[PDB]
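Here you get one chain, nothing else, as structure tokens; it is the form deposited in one PDB entry.
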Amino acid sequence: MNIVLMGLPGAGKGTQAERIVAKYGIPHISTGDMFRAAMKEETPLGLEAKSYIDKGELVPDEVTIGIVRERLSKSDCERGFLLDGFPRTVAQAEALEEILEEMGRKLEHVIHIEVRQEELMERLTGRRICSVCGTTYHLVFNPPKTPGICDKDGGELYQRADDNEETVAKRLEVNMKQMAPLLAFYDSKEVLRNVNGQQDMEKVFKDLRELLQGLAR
């Protein structure tokens, strides 16, 4: 089970990934999550990626490909994997094709979780994160019991530098542009699947699942 989730910022890739991983036991490889972990640890990779992420820009291809090339060389990827938010450019996709060839593996599905931009903006604007456990909240759709405080451990919530409206509009524009040729790339390869992301989280998952169980032909 060798899978990519592709989608604009907020389309639900991580929400789906948790579900996919709980069902199927393949590793979840989020380049965004990897970068954010390095940023929290303030490692050199982290501080390099920070300058891009905080602004809503893509981290450059070379470093991003390299983290993925190293990550996919681990033994937990031998029976499948779930890439989330990689590739984000055609160059990354062409590099993945070569990685996979080297590994003697093929992408089986590239799932585009499609959600219109208006909904994306609403999903993201208002997200808040617990500084201590990383639990997410939303001001509008999932607020904490006490404003600014996490229900689970009392940790202080924050707004990511990239989740304000202006930066979310930017991330949408950057990824809309990069994703157009990338969708073309994988539609040419006949591995592109489309999922309607504008459904409840369980139903998106059922539809994804049907593509993963081979039922949607």
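Whichever C-alpha set is largest while still superposing within 1.5 Å between the two forms counts as the rigid core. One-based numbering along the sequence shown.
Mean CA temperature factor is higher for 138 to 146 when stretches 138 to 146 and 80 to 88 are set side by side in the entry. Higher average CA B factor: 207 to 215, of the stretches 1 to 9 and 207 to 215. Per the deposited record, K106 carries the highest C-alpha B-factor of all listed residues (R71, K106, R127, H112). Of all the options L157, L182, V174, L192, the entry's greatest CA B-factor is assigned to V174. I65: CA B factor in the lowest third of modelled residues in this chain (values from the PDB entry). Among all modelled residues in this chain, the alpha-carbon of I99 has a temperature factor (C-alpha) in the middle third. In the deposited entry, the Cα temperature factor of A49 places it in the middle third of its chain's modelled residues. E57 sits in the middle third of its chain by CA B factor, as recorded in the PDB entry. The deposited CA B-factor of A169 belongs to the highest third of values across its chain.
There is also a form deposited in another entry; it is not shown, and the following applies to it.
Comparing C-alpha positions between the shown form and the other one after a rigid core fit, one residue in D153, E165, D54, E70 moves 2 angstroms or more. It is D153. Core-superposed comparison between the shown form and the other one: the Cα of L96 travels less than 2 Å.
For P144, a C-alpha deviation of 2 angstroms or more is recorded between the shown form and the other one after rigid-core alignment.
The Cα position of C130 differs by 2 Å or more between the shown form and the other one after fitting on the rigid core.
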